[PDB]
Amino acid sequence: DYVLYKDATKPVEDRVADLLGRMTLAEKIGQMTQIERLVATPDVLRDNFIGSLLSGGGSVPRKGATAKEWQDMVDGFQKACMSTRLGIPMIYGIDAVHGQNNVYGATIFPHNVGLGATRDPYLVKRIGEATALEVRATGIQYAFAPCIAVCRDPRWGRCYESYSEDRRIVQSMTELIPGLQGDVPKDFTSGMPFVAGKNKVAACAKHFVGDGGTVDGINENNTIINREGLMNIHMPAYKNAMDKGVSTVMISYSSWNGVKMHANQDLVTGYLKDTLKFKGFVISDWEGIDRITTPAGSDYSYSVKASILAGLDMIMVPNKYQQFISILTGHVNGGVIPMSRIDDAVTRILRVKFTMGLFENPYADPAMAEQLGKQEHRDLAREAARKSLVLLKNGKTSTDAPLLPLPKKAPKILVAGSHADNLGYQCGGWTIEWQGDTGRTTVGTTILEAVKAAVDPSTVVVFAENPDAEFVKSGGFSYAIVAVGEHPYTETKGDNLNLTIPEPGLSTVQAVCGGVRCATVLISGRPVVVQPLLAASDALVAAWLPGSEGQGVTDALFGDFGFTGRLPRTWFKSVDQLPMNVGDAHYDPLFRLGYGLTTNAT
């Protein structure tokens, strides 16, 4: 017999209905199941009709694996899935949140907070375009991005993943979506999923909803706010995402007024599906359903029931798939979860797969491997890094000569600080490892290397990680560039109540600036206590977490381009003010949202 779902000339809805009408319960629940590569095997994927795989942070085939190695791994998993009775291709997901960041040699773009500082949605679209290509270079078809959290408290470990505390800036940056997925047609219906084809990836608006609104910025915690506030701060960018055809939405670990998002039928079904008319698929976060209960995973039967009834379509298990499949099967067999709910989840998952061309191109394209770390993408990352920089100070008094831009020609210059020659530090979390890492973890250019690449051949560059005051004063230096700040962190490990940079940092700045005129480059995922750093420095730049392309920093330091970045967040005077956002009754910032000094290119 002719098999309609296999016919590439047929409309998506027809293909979805045709395939769905053929599937067993096992095949349906399989589609709903996403498993980590570390638990996947050809037999597992085939026997359990698995619909999706992911790499968690740092979950890689080998350290230093080539683009081809990634393609081979993904294709190996795909072969097993294509060998099932129905041959439904799996979709492979990954956190490609600032480039294809788990991958060695991938271009690492500035984190979201810095991109907010650029106020350049077209730059962000271009970054999405480049990211899609580097993700496809590794055979992966699905990026868990963008995070459209509106971070309202910088004590949150994920504040750097938020473009801004101002939802209007977050809304504007949803341009990442058509970058990743491709532009939607003129005829497009808001809420439908869209991916243009094999050179693009499925995107993911996350984390629904109010992840950036938790008390004291506590990660995964309670967002306490009335519906009006939830709707005018935390929700709006989701509607922009619907208008741009975002393929998937990931649910937040957080709660809204005490109700776990992963169990919230009102918001997931009532609002996202039934009001916004979202027609792509809804995915849990990592063990998100487990964390509905306290303790997490103490009643997995309840977790499955609550999340699936709430309207989630695909569960990022990601390890204990046997338990997940067994429990869900039992719930359906016992009539506790109706077939209509299962059929809805599967319809959505298949819709996205058919729409994106996955049935036509289930395997990696070897000719895409060369897109990984490609120079054009690094040039874009370098542009982004430079545009993200916010100049906070450029002279100690109103009568001082501006320090920046610095001359490329000088007899001798000093580069200093824990962050001057540390690629891992300048990239921050979600880089190679989940939590990021220290040192030369990938291909890139540190601030020190960027300085050496920029300066006149006659200028002697001296590096000292933590020089004492005497070394600096006796060194015969024309000026110094000193880089300090936060260490890499991700999620809960980044939650921080004091927001004071680790030492040595301030001590190094004080020692260097005490001895010679200094430009301080602050590396951070967020505003941090900055008055002491300011007090010591002739100039100070908030560089955020600029990524692999440290020449973005020197492009502005040496005046190849003027500074243009403006704060996408309020800079607080002290942490005891927090939360404190532009518009509050008490608003007493050190630097207001939108603040930024400028220079002109020399």
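A residue's number is simply how far along the shown sequence it sits, counting from 1.
- prompt: Per the entry, where is the mean C-alpha temperature factor higher: 13 to 21 or 585 to 593?
  reply: Mean CA B-factor is higher for 585 to 593.
query: Do the C-alpha atoms of 573 to 581 or of 558 to 566 have the higher average B factor in the entry?
result: The entry gives the higher C-alpha B-factor average to 573 to 581.
Which of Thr442, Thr275, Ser247, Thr107 ranks first by CA B-factor in the deposited coordinates: Across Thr442, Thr275, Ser247, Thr107, the entry lists the biggest C-alpha B-factor for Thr275.
query: Which listed residue, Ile148, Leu180, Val332, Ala416, has the largest C-alpha temperature factor in the record?
result: Of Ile148, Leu180, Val332, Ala416, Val332 has the highest C-alpha B-factor.
- request: Divide the modelled residues of the chain into thirds by Cα B-factor and specify which third, lowest, middle or highest, holds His207.
  value: Its C-alpha B-factor belongs to the lowest third of this chain's values.
- request: Report the third (lowest, middle or highest) to which the CA temperature factor of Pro546 belongs, ranking only the modelled residues of the same chain.
  value: As the PDB entry reports it, the C-alpha B-factor of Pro546 lands in the lowest third of its chain.
task: Can you work out whether the C-alpha temperature factor of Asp95 puts it in the lowest, middle or highest third of the chain?
output: For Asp95, whose C-alpha B-factor we compare with every modelled residue in the chain, the answer is the lowest third.
Position of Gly552 among the chain's modelled residues by C-alpha B-factor, lowest, middle or highest third: CA B-factor rank for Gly552: lowest third.
task: Compare the C-alpha B factor of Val460 with those of the other modelled residues in its chain, then answer lowest, middle or highest third.
output: Middle third of the chain for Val460's C-alpha B-factor.
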